[PDB]
Amino acid sequence: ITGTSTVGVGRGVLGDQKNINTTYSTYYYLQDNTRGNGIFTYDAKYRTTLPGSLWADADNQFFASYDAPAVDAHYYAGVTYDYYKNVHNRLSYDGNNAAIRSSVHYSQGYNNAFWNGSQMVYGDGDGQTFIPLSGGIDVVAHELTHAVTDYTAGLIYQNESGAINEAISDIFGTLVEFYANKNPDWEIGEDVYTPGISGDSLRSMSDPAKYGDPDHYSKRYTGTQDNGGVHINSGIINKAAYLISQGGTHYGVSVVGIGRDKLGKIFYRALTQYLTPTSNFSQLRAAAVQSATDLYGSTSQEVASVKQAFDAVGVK
Ligand SMILES: [Ca+2]
Ligand SMILES: [Ca+2]
Ligand SMILES: [Ca+2]
Ligand SMILES: [Ca+2]
Ligand SMILES: [Zn+2]
């Protein structure tokens with residue numbers, strides 16, 4: 001809508017208070033005019049029609065329980081935008097400040113969130129498996145990262161290319177979580193998954209096998225479930241990414257860690273320069289090796305560690 005940029009205040013899904021950029025014209029809308037062509041957050045009203053209604057509020061205070069998923073979807077979209085801009089000099093998901101749209105209260109007790117090719121969509125969860133999924137900064141950045149992928153490599157959401165797609169979203173979701181310095185870790189969805197159980201998450205990057213995901217290519221899922229194991233075989237790449245950043249030994253292969261900033265640079269370059277819609281794990285290795293070479297030189301520690309990380313997960 002047309003109006004004036006304002007700043008409201010509310011509480012997120014975790015009960016945390018934060019300021020949010022809004023727009024005033026009769027109502028205060030969840031519309032942040034400060035980032036690119038804007039960040040817009042919508043109410044899906046428990047339906048599956050999209051986007052729903054642009055979120056409108058009478059007083060610019062967002063403290064109702066119903067407000068919470070909207071506050072977080074809106075806020076964390078902004079943080080993710082800031083990450084890509086400040087860290088990778090990327091202006092929104094298309095690199096041209098495209099408007100970012102999110103819908104919350106999607107369906108009834110919906111235990112998921114997604115990027116649908118046009119916007120982000122967040123369920124509220126059933127209150128057992130999940131609380132509203134926008135409450136997770138890694139979740140929001142994971143979903144927004146699918147948009148980045150859509151506009152760059154275009155990785156097909158199937159088999160090895162789909163597993164890389166997923167891993168890319170987990171990697172950058174985690175890097176955004178560290179960027180925000182908001183209880184960061186190498187797990188996915190810990191802030192919104194199973195409110196009855198502390199310490200668990202949907203996926204682990206540091207140890208994918210913790211939750212049954214493969215941490216070596218020989219252990220890859222070969223069947224047809226989950227689009228050919230896109231959230232399963234992502235474990236192999238997530239493990240590689242973890243090792244590149246943090247180092248460690250894994251299946252008797254030693255990896256010297258080069259840190260999060262360099263992991264980000266190498267995978268961002270891979271994604272934007274070398275990966276294609278049908279890239280497989282072997283091609284990701286080559287893309288990451290080439291990227292590290294462009295950035296740090298072919299005899300660098302950075303290149304050596306990429307090779308060792310991929311060696312460790314059995315990807316040649
Ligand atoms: Ca209000
Ligand atoms: Ca965390
Ligand atoms: Ca996390
Ligand atoms: Ca939990
Ligand atoms: Zn995903």
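Basis for what follows: all heavy atoms, side chains included, without hydrogens, waters or symmetry-related copies. In listed order, ligands and their atoms are each counted from 1. For reference, positions follow the sequence shown, starting with 1.
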Pairs of donor and acceptor atoms involving the side chains of residues 66-74, under 3.5 Å and at least two apart or interchain, shall be tabulated with distances.
unit_1: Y66; atom_1: OH; unit_2: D43; atom_2: OD1; d: 2.7
unit_1: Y66; atom_1: OH; unit_2: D43; atom_2: OD2; d: 3.1
unit_1: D67; atom_1: OD2; unit_2: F63; atom_2: N; d: 3.3
unit_1: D67; atom_1: OD2; unit_2: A64; atom_2: N; d: 3.0
unit_1: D72; atom_1: OD1; unit_2: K18; atom_2: NZ; d: 2.8
unit_1: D72; atom_1: OD2; unit_2: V13; atom_2: N; d: 2.7
unit_1: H74; atom_1: ND1; unit_2: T41; atom_2: OG1; d: 2.8
unit_1: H74; atom_1: NE2; unit_2: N21; atom_2: O; d: 2.8

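Here 4 is the count of protein N, O or S atoms positioned under 3.0 Å from the Ca ion (ligand 2), waters not counted.
Both tests do not hold together for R90 against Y84: distance to the six-membered ring centre under 6.0 Å, angle to the ring axis within 45°.
Between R11 and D16 there is no salt bridge, since no side-chain N of the basic residue sits under 4.0 Å from a carboxylate O of the acidic one. A salt bridge links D82 with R35; the closest basic N to acidic carboxylate O contact falls under 4.0 Å. Taking 4.0 Å as the cut-off between side-chain N and carboxylate O, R203 and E190 do not count as a salt-bridged pair. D138 has no carboxylate O lying under 4.0 Å from a charged side-chain N of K182, or vice versa, which leaves the two without a salt bridge.
With 3.5 Å as the limit, one finds a donor-acceptor pair spanning the side chains of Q119 and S103.
Less than 6.0 angstrom separates the ring centroid of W115 from the ring centroid of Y93.
Taking the Zn ion (ligand 5) as the apex, the angle formed with NE2 of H146 and OE2 of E166 is 100°, to the nearest 10 degrees. Rounded to 10°, the angle formed at the Ca ion (ligand 1) by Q61 O and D57 OD2 is 90°.
Put simply, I137 and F114 are part of two different groups of oily side chains (I, L, V, M, F, W, Y) that touch within less than 4.5 Å, one to the next.
In summary, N60 places no N/O/S atom under 3.0 Å from the Ca ion (ligand 1), failing the contact criterion. None of the N, O or S atoms belonging to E143 lies under 2.8 Å away from the Zn ion (ligand 5). The Zn ion (ligand 5) has no N, O or S atom of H231 closer than 2.8 Å.
Here the N, O or S atom of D59 that is nearest to the Ca ion (ligand 1) is OD1.
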